[PDB]
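Working notes, structure below.
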Amino acid sequence: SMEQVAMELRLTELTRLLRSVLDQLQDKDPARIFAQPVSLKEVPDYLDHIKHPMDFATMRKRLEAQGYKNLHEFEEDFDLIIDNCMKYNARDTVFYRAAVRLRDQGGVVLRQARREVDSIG
């Protein structure tokens, strides 16, 4: 149907905007602390602590399959990256600190993304 096509065009365009948002958030992680999944070879107990691992590479795979239907879904995964790190790592660690700075800097990007998603529809 033509409606299904219109819907798919909206999803494509959301994907475009979320790709740009993802790039911008990932620039706020210049250390690349969040770039890849925590290695279960290197942290064998990780899943005993963290039930839903997340990282920027995993988000990108979902994004490119158009697997984010709305901005809320995408923000859920970004918040997992941050929140997983702040639980596993102590306050005095470069990992925790990196997550705080990513959260704070990312907030700015996400605030305007929400306005754009609403504005463009």
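As shown in the structure tokens, the chain order sets the letters A, B, ...; within each chain, residues go from 1, and ligands are also counted from 1 in the order they appear.
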
Report as a VMD selection string all protein, DNA and RNA residues lying within 12 Å of region 84-96 of chain A, evaluated on only C-alpha atoms, omitting residues in the same chain fewer than 3 positions from it. chain A and resid 29 31 to 34 37 to 38 43 45 to 55 76 to 81 99 to 103

Closest to residue 98 (chain A) among A:41, A:58, A:83, A:24, using only C-alpha atoms? A:83

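A straight line drawn from CA of residue 56 (chain A) to CA of residue 16 (chain A) is 16.2 Å long.
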